[PDB]
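**Student:** Please see the structure below; I have some questions.
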2 protein chains.
Amino acid sequence: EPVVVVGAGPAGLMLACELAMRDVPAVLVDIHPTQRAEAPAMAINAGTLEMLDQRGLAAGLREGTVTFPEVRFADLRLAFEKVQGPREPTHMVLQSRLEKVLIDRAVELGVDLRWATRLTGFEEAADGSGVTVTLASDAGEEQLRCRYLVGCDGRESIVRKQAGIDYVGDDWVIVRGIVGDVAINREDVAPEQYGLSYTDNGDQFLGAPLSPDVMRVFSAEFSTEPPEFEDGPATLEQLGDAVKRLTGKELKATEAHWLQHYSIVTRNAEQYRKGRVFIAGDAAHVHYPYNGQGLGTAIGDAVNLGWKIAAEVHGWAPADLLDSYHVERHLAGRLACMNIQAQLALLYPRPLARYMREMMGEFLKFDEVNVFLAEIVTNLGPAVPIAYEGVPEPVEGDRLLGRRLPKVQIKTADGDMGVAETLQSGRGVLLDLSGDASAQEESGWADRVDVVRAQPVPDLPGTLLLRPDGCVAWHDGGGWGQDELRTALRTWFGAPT
Amino acid sequence: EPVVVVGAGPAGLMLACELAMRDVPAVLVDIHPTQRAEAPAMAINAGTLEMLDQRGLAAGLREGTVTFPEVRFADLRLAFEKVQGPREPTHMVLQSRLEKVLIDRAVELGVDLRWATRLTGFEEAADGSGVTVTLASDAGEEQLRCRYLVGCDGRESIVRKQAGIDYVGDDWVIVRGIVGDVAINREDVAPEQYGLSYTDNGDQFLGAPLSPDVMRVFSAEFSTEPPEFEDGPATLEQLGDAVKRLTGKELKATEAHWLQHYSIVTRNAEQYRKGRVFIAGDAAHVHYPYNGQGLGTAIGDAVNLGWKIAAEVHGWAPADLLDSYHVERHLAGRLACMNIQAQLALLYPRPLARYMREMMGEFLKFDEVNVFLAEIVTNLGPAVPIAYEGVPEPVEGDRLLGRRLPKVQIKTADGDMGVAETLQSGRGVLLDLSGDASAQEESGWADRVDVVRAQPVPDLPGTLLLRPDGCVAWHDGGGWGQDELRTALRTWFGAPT
Ligand SMILES: Cc1cc2nc3c(=O)[nH]c(=O)nc-3n(C[C@H](O)[C@H](O)[C@H](O)COP(=O)(O)OP(=O)(O)OC[C@H]3O[C@@H](n4cnc5c(N)ncnc54)[C@H](O)[C@@H]3O)c2cc1C
Ligand SMILES: Cc1cc2nc3c(=O)[nH]c(=O)nc-3n(C[C@H](O)[C@H](O)[C@H](O)COP(=O)(O)OP(=O)(O)OC[C@H]3O[C@@H](n4cnc5c(N)ncnc54)[C@H](O)[C@@H]3O)c2cc1C
């Protein structure tokens, strides 16, 4: 019986995929007649690449795409090379190219996607075993009965609203500006300034030439006084004042494909799950767009929740399972909101930025804060907490537990392999890196866990257990072994067959 | 040929002692008729205690006074137990009690101390051979010819302004309050108003009793619009009003001995020195009063600068030694201003504080952050940078170089003492902790440096060289030896004789 997703944005597309690949029905609604043209995001950080790699959604959208190597906290530099294991630079695949990869993958799996469809209301069952939901369409109002409802519908989520869920947060300034694309003149070399510049008050402009003709525009201006223009469709010459004030120069590039005023607000819903309803992505948290974190956490919420919903659809999910979704992702929600606000504080207000910058100068000389911030801003981090009653804590400096593996090559049967492609089935993975296949395969979970035998791998333990979202749930590099291994599968994977 | 010190707070008093204990003629000018009563500070931190221990001024202030062993950042806890070596809790010593012992020490060491005397100006001679100063007593105007002019005359330093050094800083909020001592019953006419009362805005109220009839009172209020009253004498009715809104009740007020309006800005002088004119304490840097840093840096300033000036007077100072006053002490002012302001940003405004508290919450899980901040707010504080030509920077992290040693016993054949006590002669110390007098003392510097032969001390190297301000300029627990020590001696104590 169906599961309803609202929003064909990055969070909803991925989650519908996550579901359908596990043979669970999923209907995905969206107001847009077609895939939207206003996908502002351009970047994807390493953390999000690993999650796409886990579904084979990233080979291909690497290629031709160029990468940038720094990872910055405001304009300060983080020492990303201090993160454990080999990782990835941020890649420059447009959000629209990624939404389509997710669209045409969603339906190939079997997603009932409905463009031009808005959810306008929903009601829990007095039983509680379902949620009746109503949908406005060109054809008129339908009323579908679903088994779980997930609102991936952005900052103004009605799913979040009608569910009773508070949207906590606060801002001390309002950043605002415009984002979009403008034509160029072509055959002749283009001129002007366009590299991301700052002014002495925190104001930023960036011309990003996507491709010979087309260049994306972003500006960001700080002030307490409420935005002038109420966040709509803009016009090209609201924009050209925009740059002239900030740049000094004039725009001089005709026509504007799509443009969008925006304003920021920092929010993080206090509950990610109420009963049978869930919220995810910008529906659950929103903030100034830095480091690709909004797209990072959106994809990450879906991956987290998808396999967990399927698990209880097929009746093996421990009672704990779906509550762990709120636990692990409200933490990532909190850490994202937090660090982006901390980055703003180094730009505005200028009396505050002055001392916070020096402050961060002092912290960034410490290796733990460089590594902590780097895992956070690239969505490698929030390590989902891993612990089991009774079992001895793994000694001390273990940074594999509750994280996804570095981008390391696995050598198995035939064909070397990225570690994250072992999760493309959708199941758990027990990694055996002995080189001879010695580990005891606890067969009772073989329906939900795949074993993969391979040669040992530098600074990685002899064997590892992965949840279907890729988080390392067990390994034997520390004190752990087969006994701790079992209680780890009882958790996260339920009762053995 | 005198040295003129303007201002008899901690800074100027402490320096006049540093100058007079070394037989440098010092004349210390203040305008008060007697020692002031407007000395609000109730606390002395561990770094200030060590610097006073170096001159026998700490014991005596310590007996009978309370300690509390928590070092806070804003209102969070700092893991002070992670700071190297044994050290001290903050002791609750009253500013006027401290100033009294330094006025005492000054008059016996022969400082010409002048209450009711104002410095109205000064000029640097064209050649530069001296400064001529002008002092304004009731009798008239002495025009005094002196050798160096040190302005320790407080936040509104005439010396700084007339020397034309810019006073750098900014604030996003203006903190205002009043402070002083009311007379007022104690038993049960202090309710809520006992101990500090952080409220549901950044605003605090501190009520601390001295004797059962007098109480010291402190208020600190955050607002985005200028202080109602100019800084100055204030009325007790004005305090009654302020207490009611903060504590919620009213103080059964009897009489006011002294109370004062205060506002807070944050500034760091750009140059603590302009050739023959130095500045120190509040004239060099000011900020919100936290952790005792205003007092620590003030005393720290004088301990650094008295001995360098004395060396120049005595003619053995190296050429670049007084320029290290600015280098060493501007950094310490920088970092005090920086982290005070950082502490304030966990209080106000409340949107900023919301996330900056979560942020610091994450950073204080790290040892290097706890130790760095705890060191600075206790004025154990900025390690003085120690490097020498030829000598290559020692790879391992050294917690002793550039810092005053931890509170350890050192046992001599003539008796035991704490290590800060060996610097009481005013001279540098060569600590030979071998137990055998195995260290080869460079007899050249025998007149500027004392050898102290003591028993080995756990977790300290076998030999150490202390500059007259207690700072470790050399030790042999890394790779350094007799040649590096000879380098250290030339750069800090000058030519060998
Ligand atoms: C100017 C700007 C620049 C940005 N730059 C970046 C960047 O460089 N890198 C990055 O990672 N992130 C960036 N972001 C943020 C990032 O784009 C968002 O986090 C991400 O697109 C939101 O993920 P989402 O799918 O949950 O929300 P959305 O993108 O808002 O998708 C929600 C979808 O649900 C639709 N919907 C369908 N039906 C309904 C219904 N009944 N009710 C409500 N909605 C419905 C909505 O129309 C929408 O299409 C930027 C944001 C802005 C404003
Ligand atoms: C409300 C308030 C609360 C405080 N709370 C604390 C606390 O909790 N803990 C702490 O450690 N410190 C506290 N302080 C003080 C802080 O430490 C100061 O930095 C320190 O007292 C300043 O020392 P100083 O000697 O450089 O300047 P000052 O103490 O200001 O002394 C300067 C002296 O020079 C005099 N003078 C000025 N101009 C002239 C002139 N031309 N000629 C002659 N004399 C002149 C002045 O009258 C004064 O006597 C507080 C101060 C205030 C106002």
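By convention here, the chains of the structure tokens are called A, B, ... in the order presented, each chain's residues are numbered starting at 1, and ligands are numbered starting at 1 in the order presented.
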For residue 52 of chain B, list every protein, DNA or RNA residue within 12 Å, evaluated using only C-alpha atoms, and leave out those in the same chain fewer than 4 positions away; present the list as a PyMOL selection string.
**Tutor:** chain B and resi 10+14-15+17-18+44-48+56-62+98-99+101-102+105+295-296+298-300+302-303+404+420-421+423-424+469-470
**Student:** Could those selected residues go to a file with N, CA and C atoms, as a short mmCIF file (atom, residue, chain, number, x, y, z; two decimals), in the first residue's frame?
**Tutor:**
```cif
data_model
loop_
_atom_site.label_atom_id
_atom_site.label_comp_id
_atom_site.auth_asym_id
_atom_site.auth_seq_id
_atom_site.Cartn_x
_atom_site.Cartn_y
_atom_site.Cartn_z
N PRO B 10 46.61 49.52 38.79
CA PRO B 10 47.55 48.36 38.76
C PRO B 10 48.68 48.53 37.78
N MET B 14 52.30 48.86 39.35
CA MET B 14 53.10 47.66 39.15
C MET B 14 54.36 47.97 38.35
N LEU B 15 54.27 48.87 37.38
CA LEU B 15 55.44 49.20 36.58
C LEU B 15 56.44 50.02 37.39
N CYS B 17 56.96 49.86 40.38
CA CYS B 17 57.69 48.87 41.17
C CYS B 17 58.73 48.15 40.31
N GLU B 18 58.34 47.69 39.11
CA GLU B 18 59.31 47.03 38.23
C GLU B 18 60.48 47.96 37.90
N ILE B 44 41.23 37.85 41.07
CA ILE B 44 42.59 37.82 40.55
C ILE B 44 42.76 36.42 39.98
N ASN B 45 43.11 36.32 38.70
CA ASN B 45 43.20 34.99 38.09
C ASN B 45 44.60 34.38 38.26
N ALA B 46 44.78 33.16 37.74
CA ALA B 46 46.01 32.41 38.01
C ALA B 46 47.24 33.07 37.39
N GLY B 47 47.11 33.64 36.19
CA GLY B 47 48.25 34.29 35.57
C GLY B 47 48.69 35.54 36.32
N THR B 48 47.71 36.30 36.85
CA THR B 48 48.02 37.48 37.64
C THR B 48 48.66 37.09 38.95
N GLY B 56 56.87 38.54 45.46
CA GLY B 56 56.47 38.39 46.85
C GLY B 56 55.18 39.09 47.23
N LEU B 57 54.40 39.54 46.25
CA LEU B 57 53.18 40.29 46.52
C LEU B 57 51.93 39.43 46.59
N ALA B 58 52.01 38.14 46.33
CA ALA B 58 50.80 37.32 46.26
C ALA B 58 50.43 36.74 47.62
N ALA B 59 51.33 35.98 48.24
CA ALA B 59 51.09 35.52 49.59
C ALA B 59 50.72 36.72 50.45
N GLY B 60 49.66 36.56 51.22
CA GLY B 60 49.21 37.63 52.08
C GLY B 60 47.91 38.16 51.53
N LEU B 61 47.92 38.45 50.23
CA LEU B 61 46.67 38.62 49.51
C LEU B 61 45.87 37.32 49.45
N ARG B 62 46.55 36.16 49.50
CA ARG B 62 45.84 34.90 49.31
C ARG B 62 45.14 34.44 50.59
N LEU B 98 44.74 44.88 46.56
CA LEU B 98 45.90 44.75 45.68
C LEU B 98 46.62 46.08 45.50
N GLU B 99 45.86 47.15 45.22
CA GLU B 99 46.49 48.44 44.98
C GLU B 99 47.20 48.92 46.23
N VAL B 101 48.79 47.05 48.47
CA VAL B 101 50.11 46.46 48.64
C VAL B 101 51.08 46.99 47.59
N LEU B 102 50.59 47.38 46.41
CA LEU B 102 51.53 47.92 45.43
C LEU B 102 51.91 49.37 45.73
N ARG B 105 54.58 48.76 48.33
CA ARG B 105 55.85 48.33 47.75
C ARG B 105 56.50 49.46 46.98
N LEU B 295 42.74 43.09 34.52
CA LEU B 295 43.79 43.16 35.52
C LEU B 295 45.00 42.34 35.10
N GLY B 296 44.76 41.12 34.59
CA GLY B 296 45.87 40.28 34.14
C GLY B 296 46.73 40.95 33.08
N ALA B 298 46.86 44.10 32.41
CA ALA B 298 47.45 45.32 32.97
C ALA B 298 48.75 45.00 33.70
N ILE B 299 48.70 44.06 34.64
CA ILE B 299 49.90 43.67 35.35
C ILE B 299 50.90 43.03 34.38
N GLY B 300 50.40 42.16 33.49
CA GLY B 300 51.24 41.58 32.44
C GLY B 300 51.97 42.63 31.63
N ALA B 302 52.98 45.62 32.54
CA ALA B 302 54.04 46.27 33.30
C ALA B 302 55.19 45.32 33.55
N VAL B 303 54.88 44.06 33.84
CA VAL B 303 55.94 43.10 34.09
C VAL B 303 56.78 42.92 32.83
N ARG B 404 55.59 31.55 31.55
CA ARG B 404 56.00 31.39 32.93
C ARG B 404 55.71 29.96 33.37
N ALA B 420 58.28 30.82 40.99
CA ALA B 420 58.12 32.26 40.78
C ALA B 420 58.94 33.07 41.78
N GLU B 421 59.17 32.54 42.98
CA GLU B 421 59.97 33.27 43.96
C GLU B 421 61.44 33.50 43.55
N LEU B 423 62.63 34.63 40.81
CA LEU B 423 62.72 35.91 40.10
C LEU B 423 62.56 37.16 41.00
N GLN B 424 62.53 37.04 42.33
CA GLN B 424 62.25 38.24 43.13
C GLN B 424 63.39 39.24 43.13
N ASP B 469 60.87 38.67 33.35
CA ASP B 469 59.43 38.60 33.51
C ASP B 469 58.91 37.17 33.69
N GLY B 470 59.79 36.22 33.99
CA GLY B 470 59.39 34.84 34.22
C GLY B 470 59.28 33.94 33.00
#
```
**Student:** Please find the residues contacting ligand 2 at a distance of at most 7 Å between atoms, with only C-alpha atoms and all ligand atoms counted, and report them as a ChimeraX atom specification.
**Tutor:** /B:6-12,29-32,40-44,117-120,152-158,178-179,262,280-283,286,289-296,298
**Student:** Please save C-alpha atoms of the selected residues as a PDB file, in the first residue's frame.
**Tutor:**
```
ATOM      1  CA  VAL B   6      51.187  58.444  34.486  1.00  0.00           C
ATOM      2  CA  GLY B   7      48.406  56.765  36.451  1.00  0.00           C
ATOM      3  CA  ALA B   8      48.371  54.775  39.694  1.00  0.00           C
ATOM      4  CA  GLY B   9      46.083  51.900  38.887  1.00  0.00           C
ATOM      5  CA  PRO B  10      47.547  48.359  38.763  1.00  0.00           C
ATOM      6  CA  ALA B  11      49.331  49.050  35.495  1.00  0.00           C
ATOM      7  CA  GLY B  12      51.272  52.157  36.479  1.00  0.00           C
ATOM      8  CA  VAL B  29      51.710  60.572  38.766  1.00  0.00           C
ATOM      9  CA  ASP B  30      48.027  60.208  39.597  1.00  0.00           C
ATOM     10  CA  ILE B  31      45.407  62.871  40.203  1.00  0.00           C
ATOM     11  CA  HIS B  32      43.470  61.249  43.060  1.00  0.00           C
ATOM     12  CA  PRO B  40      35.555  47.371  41.657  1.00  0.00           C
ATOM     13  CA  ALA B  41      37.489  44.172  40.822  1.00  0.00           C
ATOM     14  CA  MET B  42      36.845  41.283  43.200  1.00  0.00           C
ATOM     15  CA  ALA B  43      39.041  38.650  41.560  1.00  0.00           C
ATOM     16  CA  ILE B  44      42.590  37.816  40.546  1.00  0.00           C
ATOM     17  CA  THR B 117      49.219  65.695  40.109  1.00  0.00           C
ATOM     18  CA  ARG B 118      48.047  65.845  36.485  1.00  0.00           C
ATOM     19  CA  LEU B 119      50.029  65.364  33.307  1.00  0.00           C
ATOM     20  CA  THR B 120      48.821  67.992  30.845  1.00  0.00           C
ATOM     21  CA  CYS B 152      49.188  54.057  32.263  1.00  0.00           C
ATOM     22  CA  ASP B 153      46.441  56.685  32.559  1.00  0.00           C
ATOM     23  CA  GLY B 154      43.448  54.508  31.682  1.00  0.00           C
ATOM     24  CA  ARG B 155      40.968  54.241  28.868  1.00  0.00           C
ATOM     25  CA  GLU B 156      40.899  57.999  28.229  1.00  0.00           C
ATOM     26  CA  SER B 157      44.670  58.233  28.126  1.00  0.00           C
ATOM     27  CA  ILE B 158      45.968  61.728  27.432  1.00  0.00           C
ATOM     28  CA  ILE B 178      26.625  50.793  37.346  1.00  0.00           C
ATOM     29  CA  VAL B 179      29.000  49.420  39.956  1.00  0.00           C
ATOM     30  CA  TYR B 262      29.984  52.784  33.117  1.00  0.00           C
ATOM     31  CA  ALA B 280      50.027  50.008  29.107  1.00  0.00           C
ATOM     32  CA  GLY B 281      46.929  48.662  30.793  1.00  0.00           C
ATOM     33  CA  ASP B 282      43.644  50.360  29.948  1.00  0.00           C
ATOM     34  CA  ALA B 283      45.397  53.045  27.913  1.00  0.00           C
ATOM     35  CA  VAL B 286      39.891  47.772  27.128  1.00  0.00           C
ATOM     36  CA  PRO B 289      35.460  42.707  32.345  1.00  0.00           C
ATOM     37  CA  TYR B 290      35.633  38.905  32.215  1.00  0.00           C
ATOM     38  CA  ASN B 291      37.855  36.306  33.956  1.00  0.00           C
ATOM     39  CA  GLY B 292      39.983  39.109  35.389  1.00  0.00           C
ATOM     40  CA  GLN B 293      41.606  39.755  32.026  1.00  0.00           C
ATOM     41  CA  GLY B 294      41.713  43.550  32.367  1.00  0.00           C
ATOM     42  CA  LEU B 295      43.787  43.160  35.518  1.00  0.00           C
ATOM     43  CA  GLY B 296      45.870  40.284  34.138  1.00  0.00           C
ATOM     44  CA  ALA B 298      47.451  45.318  32.969  1.00  0.00           C
TER      45      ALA B 298
END
```
**Student:** So, with only C-alpha atoms as the atoms that count, which of B:356, B:464, B:13, B:106 lies closest to chain A?
**Tutor:** B:356
**Student:** Mind checking which residues fall within 9 Å of residue 428 of chain A, counting only C-alpha atoms, ignoring those fewer than 5 positions away in the same chain, and posting them as an MDAnalysis selection string?
**Tutor:** chainID A and resid 423 448:451 465:470 493
**Student:** Output C-alpha atoms for every residue in the selection just made, as a compact mmCIF listing (two decimals), in the first residue's frame.
**Tutor:**
```
# COMPACT_ATOMS: atom_id res chain seq x y z
CA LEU A 423 25.61 -0.79 -1.82
CA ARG A 448 18.91 -8.38 4.16
CA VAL A 449 22.74 -8.34 4.03
CA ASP A 450 25.13 -9.11 1.17
CA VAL A 451 28.58 -10.45 1.81
CA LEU A 465 29.15 -4.16 8.41
CA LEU A 466 27.33 -1.43 6.47
CA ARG A 467 23.72 -0.29 6.85
CA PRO A 468 21.86 0.17 3.53
CA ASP A 469 22.59 3.93 3.85
CA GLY A 470 26.30 3.05 3.99
CA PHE A 493 18.34 -5.38 10.74
```
**Student:** Considering only C-alpha atoms, state which residue in the set B:339, B:129, B:434, B:491 is at the smallest distance from chain A.
**Tutor:**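 That would be B:339, the residue with the smallest distance to chain A.
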**Student:** Of the candidates B:490, B:216, B:176, B:357, which shows the shortest atom-to-atom distance to chain A, using only C-alpha atoms?
**Tutor:**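 Nearest candidate to chain A out of B:490, B:216, B:176, B:357: B:357.
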**Student:** Would you give me, as a tab-separated table, each residue of chain A having an atom within 9 Å of an atom of chain B, along with its shortest atom pair and that distance in Å to one decimal, using only C-alpha atoms and sorting by chain and residue number?
**Tutor:**
```
residue	atom	partner	partner_atom	distance
A:169	CA	B:351	CA	7.9
A:170	CA	B:351	CA	5.1
A:171	CA	B:351	CA	5.4
A:172	CA	B:351	CA	5.6
A:334	CA	B:358	CA	8.8
A:335	CA	B:359	CA	8.4
A:337	CA	B:355	CA	8.0
A:338	CA	B:355	CA	5.3
A:339	CA	B:359	CA	6.9
A:341	CA	B:355	CA	6.8
A:342	CA	B:356	CA	6.6
A:345	CA	B:352	CA	8.0
A:349	CA	B:172	CA	7.2
A:350	CA	B:172	CA	8.0
A:351	CA	B:170	CA	5.1
A:352	CA	B:172	CA	6.0
A:354	CA	B:170	CA	8.0
A:355	CA	B:338	CA	5.3
A:356	CA	B:342	CA	6.6
A:358	CA	B:338	CA	6.8
A:359	CA	B:338	CA	6.5
A:362	CA	B:372	CA	8.9
A:363	CA	B:369	CA	6.8
A:366	CA	B:368	CA	6.6
A:367	CA	B:368	CA	8.6
A:368	CA	B:366	CA	6.8
A:369	CA	B:363	CA	6.8
A:372	CA	B:363	CA	8.8
```
**Student:** Please produce an output containing N, CA, C and O atoms for each residue in the selection, written as an mmCIF file, in the first residue's frame.
**Tutor:**
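Output file out.cif is given in full below:
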```cif
data_model
loop_
_atom_site.group_PDB
_atom_site.id
_atom_site.type_symbol
_atom_site.label_atom_id
_atom_site.label_comp_id
_atom_site.auth_asym_id
_atom_site.auth_seq_id
_atom_site.Cartn_x
_atom_site.Cartn_y
_atom_site.Cartn_z
ATOM 1 N N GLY A 169 14.217 28.602 15.246
ATOM 2 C CA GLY A 169 15.283 29.338 14.608
ATOM 3 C C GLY A 169 15.173 30.808 14.945
ATOM 4 O O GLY A 169 14.346 31.208 15.753
ATOM 5 N N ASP A 170 16.031 31.592 14.288
ATOM 6 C CA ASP A 170 16.178 33.018 14.529
ATOM 7 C C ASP A 170 17.245 33.568 13.596
ATOM 8 O O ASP A 170 18.176 32.844 13.239
ATOM 9 N N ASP A 171 17.143 34.833 13.193
ATOM 10 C CA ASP A 171 18.204 35.477 12.430
ATOM 11 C C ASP A 171 18.474 36.866 12.987
ATOM 12 O O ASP A 171 17.580 37.528 13.508
ATOM 13 N N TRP A 172 19.727 37.303 12.888
ATOM 14 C CA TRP A 172 20.073 38.656 13.300
ATOM 15 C C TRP A 172 20.282 39.599 12.123
ATOM 16 O O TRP A 172 20.477 40.799 12.344
ATOM 17 N N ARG A 334 20.615 20.172 12.971
ATOM 18 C CA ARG A 334 21.108 21.146 13.934
ATOM 19 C C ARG A 334 22.505 21.622 13.562
ATOM 20 O O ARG A 334 22.778 22.832 13.557
ATOM 21 N N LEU A 335 23.389 20.682 13.198
ATOM 22 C CA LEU A 335 24.777 21.025 12.888
ATOM 23 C C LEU A 335 24.895 21.881 11.623
ATOM 24 O O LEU A 335 25.721 22.803 11.573
ATOM 25 N N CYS A 337 22.409 24.077 10.308
ATOM 26 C CA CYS A 337 21.947 25.406 10.715
ATOM 27 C C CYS A 337 23.019 26.144 11.494
ATOM 28 O O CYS A 337 23.341 27.303 11.200
ATOM 29 N N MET A 338 23.633 25.443 12.449
ATOM 30 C CA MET A 338 24.607 26.054 13.341
ATOM 31 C C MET A 338 25.788 26.625 12.566
ATOM 32 O O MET A 338 26.097 27.824 12.667
ATOM 33 N N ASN A 339 26.464 25.783 11.772
ATOM 34 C CA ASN A 339 27.738 26.225 11.218
ATOM 35 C C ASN A 339 27.534 27.269 10.127
ATOM 36 O O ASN A 339 28.425 28.093 9.895
ATOM 37 N N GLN A 341 25.198 29.674 10.203
ATOM 38 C CA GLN A 341 25.099 30.913 10.961
ATOM 39 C C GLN A 341 26.463 31.352 11.458
ATOM 40 O O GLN A 341 26.764 32.558 11.476
ATOM 41 N N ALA A 342 27.316 30.388 11.840
ATOM 42 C CA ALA A 342 28.637 30.778 12.305
ATOM 43 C C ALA A 342 29.438 31.386 11.175
ATOM 44 O O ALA A 342 30.284 32.251 11.426
ATOM 45 N N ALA A 345 28.410 35.040 10.667
ATOM 46 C CA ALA A 345 28.924 35.899 11.722
ATOM 47 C C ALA A 345 30.310 36.426 11.404
ATOM 48 O O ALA A 345 30.766 37.366 12.073
ATOM 49 N N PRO A 349 27.198 41.500 11.376
ATOM 50 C CA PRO A 349 27.621 42.897 11.252
ATOM 51 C C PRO A 349 29.112 43.075 11.377
ATOM 52 O O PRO A 349 29.763 42.303 12.070
ATOM 53 N N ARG A 350 29.633 44.119 10.736
ATOM 54 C CA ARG A 350 31.077 44.305 10.673
ATOM 55 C C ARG A 350 31.762 44.473 12.031
ATOM 56 O O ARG A 350 32.928 44.059 12.134
ATOM 57 N N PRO A 351 31.153 45.050 13.072
ATOM 58 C CA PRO A 351 31.787 44.944 14.399
ATOM 59 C C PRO A 351 31.842 43.522 14.926
ATOM 60 O O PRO A 351 32.786 43.171 15.650
ATOM 61 N N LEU A 352 30.869 42.685 14.586
ATOM 62 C CA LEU A 352 30.931 41.300 15.029
ATOM 63 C C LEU A 352 31.888 40.483 14.165
ATOM 64 O O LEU A 352 32.700 39.717 14.686
ATOM 65 N N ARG A 354 34.513 41.324 12.760
ATOM 66 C CA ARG A 354 35.918 41.637 13.003
ATOM 67 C C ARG A 354 36.519 40.710 14.053
ATOM 68 O O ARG A 354 37.629 40.191 13.876
ATOM 69 N N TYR A 355 35.799 40.491 15.157
ATOM 70 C CA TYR A 355 36.338 39.672 16.235
ATOM 71 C C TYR A 355 36.097 38.185 16.002
ATOM 72 O O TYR A 355 36.923 37.364 16.408
ATOM 73 N N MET A 356 34.986 37.809 15.370
ATOM 74 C CA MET A 356 34.781 36.394 15.089
ATOM 75 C C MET A 356 35.820 35.882 14.110
ATOM 76 O O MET A 356 36.266 34.735 14.216
ATOM 77 N N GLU A 358 39.030 36.882 13.687
ATOM 78 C CA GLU A 358 40.199 36.593 14.517
ATOM 79 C C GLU A 358 39.986 35.339 15.351
ATOM 80 O O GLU A 358 40.866 34.470 15.421
ATOM 81 N N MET A 359 38.808 35.226 15.978
ATOM 82 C CA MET A 359 38.505 34.040 16.771
ATOM 83 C C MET A 359 38.679 32.779 15.943
ATOM 84 O O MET A 359 39.302 31.820 16.394
ATOM 85 N N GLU A 362 42.077 31.743 15.204
ATOM 86 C CA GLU A 362 42.724 30.991 16.268
ATOM 87 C C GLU A 362 42.245 29.549 16.317
ATOM 88 O O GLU A 362 43.061 28.644 16.513
ATOM 89 N N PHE A 363 40.941 29.301 16.159
ATOM 90 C CA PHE A 363 40.480 27.913 16.200
ATOM 91 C C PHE A 363 41.009 27.116 15.009
ATOM 92 O O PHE A 363 41.493 25.986 15.172
ATOM 93 N N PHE A 366 43.801 24.748 15.012
ATOM 94 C CA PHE A 366 43.681 23.444 15.653
ATOM 95 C C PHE A 366 43.174 22.419 14.644
ATOM 96 O O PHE A 366 42.295 22.712 13.825
ATOM 97 N N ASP A 367 43.743 21.213 14.703
ATOM 98 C CA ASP A 367 43.423 20.204 13.705
ATOM 99 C C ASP A 367 42.030 19.615 13.900
ATOM 100 O O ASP A 367 41.360 19.295 12.908
ATOM 101 N N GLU A 368 41.579 19.449 15.153
ATOM 102 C CA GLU A 368 40.250 18.884 15.366
ATOM 103 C C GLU A 368 39.155 19.806 14.855
ATOM 104 O O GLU A 368 38.123 19.328 14.376
ATOM 105 N N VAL A 369 39.339 21.118 14.945
ATOM 106 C CA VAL A 369 38.249 21.953 14.470
ATOM 107 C C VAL A 369 38.286 22.022 12.953
ATOM 108 O O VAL A 369 37.231 22.058 12.306
ATOM 109 N N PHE A 372 36.591 18.600 12.142
ATOM 110 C CA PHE A 372 35.169 18.667 12.481
ATOM 111 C C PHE A 372 34.396 19.535 11.495
ATOM 112 O O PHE A 372 33.344 19.123 10.988
#
```
**Student:** Leaving out segment 415-417 of chain A and any residue of its chain fewer than 3 positions from it, which residues lie within 12 Å of it when counting only C-alpha atoms, given as JSON, numbers by chain?
**Tutor:** {"A": [53, 54, 56, 407, 408, 409, 410, 411, 412, 420, 421, 422, 423, 424, 452, 453, 454, 455]}
**Student:** Go through A:248, A:275, A:392, A:461 and flag the residue nearest residue 164 of chain A, using only C-alpha atoms for the distances.
**Tutor:**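 The closest residue to residue 164 of chain A is A:275.
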**Student:** What is the atom CA of residue 191 of chain B-atom CA of residue 241 of chain B distance in Å, reported with one decimal?
**Tutor:** 16.6 Å
**Student:** So what do you get for atom CA of residue 441 of chain A versus atom CA of residue 320 of chain A, distance-wise?
**Tutor:**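 Computing it gives 24.3 Å between the two atoms.
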**Student:** As a VMD selection string, please: every residue in segment 23-144 of chain B that DSSP puts in strand (DSSP E or B).
**Tutor:** chain B and resid 26 to 29 44 67 to 68 71 to 73 76 to 78 90 to 91 112 to 114 118 to 124 131 to 136 141 to 144
**Student:** In terms of the shortest atom-to-atom distance over only C-alpha atoms and all ligand atoms, which of A:418, A:33, A:456, A:209 is closest to ligand 1?
**Tutor:**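 Among A:418, A:33, A:456, A:209, it is A:33 that comes nearest to ligand 1.
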